[PDB]
């Protein structure tokens, strides 16, 4: 798995850029900043730019890491208790800007309207009231591995995770597909529309307002997937080096299909045993290809004292316009 280690000079260059940008722009509520992101990202070190571009175009590895970022701990401050009720933007705004610049190198940053007040950069840190919960804000509970939003037609193409701090070196789990570990019959079956992938509860149209024609037409495609229950493949693209969409928790193998179940069990075993622990430490930015890797997080003991693990999260789409029907306006980047 190729990575890129920043020299101090590059690290210093990136840090300097993020600071200048943070001073020059007010918040992410500025549409000019979203407009300028790709051009602004051209001012990152050249080696970084070539690296990510090579990662994007190679379409081979399902993750990569850029290590060695200078994340100024004094300026960033204490890990917050909650995301709710924070001044926007925080003093860690430069790091958020960084991840947005990276996101423009891969595609477009986008979000989910119901998630963390629609912030394009998500917070991942322990919250005490979310202790017994399986998500980013958890800690005690194991975050089993998955493709992000496996059922969803407009799911992220890439995820970007930037570790502001991770004092106890808590690893993220990521797994790829070892294609030589599967029989050619199984591959053929997994390529065929023989599986049901269930929506996550947050994507359910009964969760969101049952008001007006306006909002009904916004979930009509999901509603149809729920109603009709179309069956779909779990491997796609090239038969030789395939994309996958695997979330074990929401995948249903039809009982009568003995071939589908045999192949799924083989696909599951290969991916589970292939899982790797990747530690995103302070100043690491982990890039995950959502079509080639799955990801999870191991359980850890939080302290809720402002010294806790803190990652930032940005989701990337390679085609913002493909999801227009699920977005209120053309300008808005929030599905739902």
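Superpose the two forms; the largest set of C-alphas matching within 1.5 Å is the rigid core. Numbering follows the first chain given and starts at 1.
- Greater C-alpha displacement in 7 other deposited structures of this protein (rigid core superposition, RMS over structures and residues), of 229-237 versus 159-167: 229-237.
- Farther on average from this form in 7 other deposited structures of this protein lies stretch 81-89, the comparison being between 81-89 and 238-246 by RMS Cα distance after core superposition.
- Modelled in this chain, residue 114 is likewise built in all the other compared entries whose models extend past it on both sides, so a third of them omitting it does not occur.
- Residue 105, modelled here, also has coordinates in every other compared entry of this protein that models residues flanking it, well short of the third needed to call it frequently missing.
- Taking the mean C-alpha B-factor of each stretch as recorded, 116-124 and 210-218 are not equal, and the higher mean is that of 210-218.
- According to the PDB record, 197-205 carries the higher mean C-alpha B-factor of the two stretches 142-150 and 197-205.
- Considering 28, 287, 55, 310 together, the PDB entry gives 28 the largest C-alpha B factor.
- By the numbers in the PDB entry, the CA B factor is greatest at 271 among 271, 48, 40, 65.
- Per-chain ranking of the deposited C-alpha B factor places residue 2 in the highest third.
- Ranked within its chain, residue 75 lands in the lowest third, by CA B factor from the PDB record.
- Annotation for residue 96: CA B-factor lies in the lowest third of the chain's modelled residues.
- Among the modelled residues of the chain, residue 179 sits in the highest third by CA temperature factor in this PDB entry.
- In the deposited entry, the Cα temperature factor of residue 44 sits in the bottom third of values across the chain's modelled residues.
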